[PDB]
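A short worksheet on the structure shown next.
Values in this text are rule-based calculations from the coordinates and carry no lab data. Quick reminder, even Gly has a Cβ in these numbers, built from the backbone with ideal geometry, and neighbours come from all protein chains shown.
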Ligand SMILES: [Zn+2]
Ligand SMILES: [Zn+2]
Ligand SMILES: [Zn+2]
Ligand SMILES: [Zn+2]
């Protein structure tokens, strides 16, 4: 799933 | 370590809501003993917490009231708590109570002077924690008690943003009523309108528009309309296209991206809508026969069947009945509109490859997957 | 909404108990009954004032609705958590799921059904065990909550408690004589879930309670599930069982060593050869009846290499990872069976690694074999 600290789907955060 | 066992028993009584047992354990103990028992950070189930923190996270209002009124517990002691799967570091009792939705505990802590704008390690506030859940009552209570609505987190995400992404229309409208900046930008440049467009929250989009939220291009080169088109949010695209302050090429790009995305989305596949939006965009390119808006089609690539994107309405009509051609056209258009930016454009490619594999077209599946892995650098 | 029922529901949801009581003053009994029985749909949830108060944890509103107005407890609705959407949930189920102990006490003490079933056939006890709230679990069990009522997949409270990793609730359920040998729809037991997730102490507690070893629907045992998931601690701890024969022990060791080779977030190249060589030396201990491995024919996607049959071959490939990767893949394909779901993804991962390194034909043959396996 995506990281809850940033809701941008186009970012690349380490979950 | 004999007092350590009593500290563990105190933590257990606090965590399970045995306020009488906790009162019996703490009664007439020395001040140093009280401080040691109530400040002992117990580790359990992946959480690190003091009796107050675990009582607030579990919602034991009687235990919280006892600890606050009769034992002078530090209202700002932090710990580590686990909510479902995720973990939060540097969380106070108030933050835990706000995230879990314990209104009585939130009141008890705020009334005893708990720092309402405390920030965790990711710079999350109790207001943000309550906005995630969508608890409008807790959001109101915090905002009224001087909770700063403008404090962002690690990635400059706002309470308005998180509420808009999760679909909490009432919370979004309340925050906008409390003078929250609707044009705040995340670390990447995305806005609450960007977040609401991807999630298809049509009412939140309408509300943000009513409060005059600006359309902005984030660091990924995308408008809220462009984000809605990529995510197959047909209703959001229809709504944003009714906003007059969008140019003709933007409208055509949105229509083309929406139609192309409808063809390779795992959960939103619709070939009819694919052709519908693609043909609408093509028709709108060919209005004034003098001034046709010609499209600069990319050179062909082998993974997409060496096909070239349709340049004219007749070429688009030729492939109306060719389902594979429409799938490939969707992939081509998505690469043309999105490939110039830093966007992981590979999920629909992987889906098309897997669909080909389930129909025994392993060669085309491998071509698609190879091109997808190639696009990631 | 803007009706009287709208304001009633709003006050009940926002915890404003005085406002609710004032809105219900000097009204008839049937009017109050109708107003408090209305199901309101907002925020993605359709619920009654009692249900929304229980979900939000407003204990004062719940006590008012129970003691004074005598609201029915059997009313069900649809509640929405951040992850899922649940139909046919009573106020007690919502309170158990959201972790509101006082509301649970209030509803149970007022005669709410402690064993009410969701459309998923989930009791509130299962919700409390999913959450990991030992207090609510103990309270419900001590008030005649049926420990043996599973969901629509025959997933008991012990299974979800062991999968989620809450050791204390597992200990409590086991001490409450919960059947450890329950099998889900897919034939899996609680020990399978405990091994898959890698919870060491839960596996210890299950072994302490004489958890019967058994195969699942895919044919896997807890040893095999642990070895496939690279949970080496679970394998080493579980191998100390009495019914563990030598054949299955060597099988689990080799499967663990092989799975260590092409798992993305478990890629421990050293442990691959460690466990492979350990299992080989265990095969070659007694030289009178060496339990020799019935190897499989070579495959072109693996470079035509055959699995190592004696220690010399293993120590020959020791310093060749490419070969060790292929060895792990072939050992997995031999042990798990040709037709198993969790066989293709390490092949595809190794192919993707080769594609990134520009070894295109190697990637292509690996992916062809993987797609044929799919
Ligand atoms: Zn971004
Ligand atoms: Zn971001
Ligand atoms: Zn299964
Ligand atoms: Zn199943």
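If only one of C:226, C:197 is within 14 Å of chain B (Cβ to nearest Cβ), under 17 Å from residue C:163 (Cα atoms) and within 16 Å of ligand 3 (Cβ to nearest atom), which one is it?
Step by step, each of C:226, C:197 is checked, and only C:197 is within 14 Å of chain B (Cβ to nearest Cβ), under 17 Å from residue C:163 (Cα atoms) and within 16 Å of ligand 3 (Cβ to nearest atom).
Could you please find all residues in the stretch B:284-319 being closer than 29 Å to residue B:367 by Cα and surrounded by fewer than 12 Cβ atoms within 10 Å (Cβ to Cβ)? Working first, answer last.
Step one: list which residues in the stretch B:284-319 are closer than 29 Å to residue B:367 by Cα, which gives B:295-319.
Answer for the stretch B:284-319, where residues must be closer than 29 Å to residue B:367 by Cα and surrounded by fewer than 12 Cβ atoms within 10 Å (Cβ to Cβ): B:296, B:299, B:302, B:306, B:314.
Among C:189, C:221, which is the only one that is more than 14 Å from every other protein chain (Cβ to nearest Cβ), within 16 Å of ligand 4 (Cβ to nearest atom) and crowded, with 19+ Cβ neighbours inside 10 Å? Talk me through it step by step, then tell me what you get.
Working: C:221 fails: within 16 Å of ligand 4 (Cβ to nearest atom).
Testing whether each residue is more than 14 Å from every other protein chain (Cβ to nearest Cβ), within 16 Å of ligand 4 (Cβ to nearest atom) and crowded, with 19+ Cβ neighbours inside 10 Å leaves just C:189.
Under 8 Å between Cβ atoms, which residue pairs at least 6 apart in sequence (or on different chains) link something in the stretch C:142-170 that is within 13 Å of another protein chain (Cβ to nearest Cβ) and closer than 10 Å to residue C:126 by Cβ with a partner that is more than 16 Å from ligand 3 (Cβ to nearest atom) and part of a loop (DSSP other than H, G, I, E, B)?
C:161/C:132
Determine whether residue C:208 is closer than 19 Å to residue C:252 by Cα, away from ligand 4 (no atom under 16 Å from the Cβ) and either surrounded by fewer than 20 Cβ atoms within 10 Å (Cβ to Cβ) or within 14 Å of chain B (Cβ to nearest Cβ) (or both). Please lay out each step first, then the result.
On the way: closer than 19 Å to residue C:252 by Cα: no; away from ligand 4 (no atom under 16 Å from the Cβ): yes; either surrounded by fewer than 20 Cβ atoms within 10 Å (Cβ to Cβ) or within 14 Å of chain B (Cβ to nearest Cβ) (or both): yes.
Judged against the criteria, residue C:208 is not a match.
If you go through the stretch B:118-125 one residue at a time, do you hit one that is part of a helix (DSSP H, G or I) and more than 14 Å from chain C (Cβ to nearest Cβ)?
Of all residues in the stretch B:118-125, those part of a helix (DSSP H, G or I) come to none.
Scanning the stretch B:118-125, I find no residue that is part of a helix (DSSP H, G or I) and more than 14 Å from chain C (Cβ to nearest Cβ), so the answer is no.
Go through the stretch B:347-365 and give me each residue that's part of a helix (DSSP H, G or I) and at the interface with chain C (Cβ under 10 Å from one of its Cβ atoms). Let's see the steps before the verdict.
In the first step, residues of the stretch B:347-365 are kept if they are part of a helix (DSSP H, G or I); the result is B:347-358, B:362-365.
Result: B:353, B:354, B:356, B:357, B:358, B:362, B:363, B:365.
Does at least one position in the stretch C:236-244 carry a residue that is within 14 Å of chain B (Cβ to nearest Cβ), away from ligand 2 (no atom under 16 Å from the Cβ) and surrounded by fewer than 17 Cβ atoms within 10 Å (Cβ to Cβ)? Steps first, please.
Narrowing the stretch C:236-244 to residues within 14 Å of chain B (Cβ to nearest Cβ): none.
No, every residue in the stretch C:236-244 fails to be within 14 Å of chain B (Cβ to nearest Cβ), away from ligand 2 (no atom under 16 Å from the Cβ) and surrounded by fewer than 17 Cβ atoms within 10 Å (Cβ to Cβ).
Of the conditions (1) more than 24 Å from residue B:293 (Cα to Cα); (2) away from chain A (no Cβ under 14 Å); (3) touching a helix residue (DSSP H, G or I) at 6+ places or on another chain (Cβ under 8 Å), residue B:251 clears all except one; give me its number.
Result: residue B:251 passes all but (1).
Give the residue, chosen from C:80, C:177, C:133, that is away from ligand 2 (no atom under 16 Å from the Cβ), within 14 Å of chain B (Cβ to nearest Cβ) and surrounded by fewer than 23 Cβ atoms within 10 Å (Cβ to Cβ). Give the steps one after another, and end with the answer.
Numbers: C:177 fails: within 14 Å of chain B (Cβ to nearest Cβ); C:133 fails: surrounded by fewer than 23 Cβ atoms within 10 Å (Cβ to Cβ).
Just a single option satisfies the conditions, and that option is C:80.
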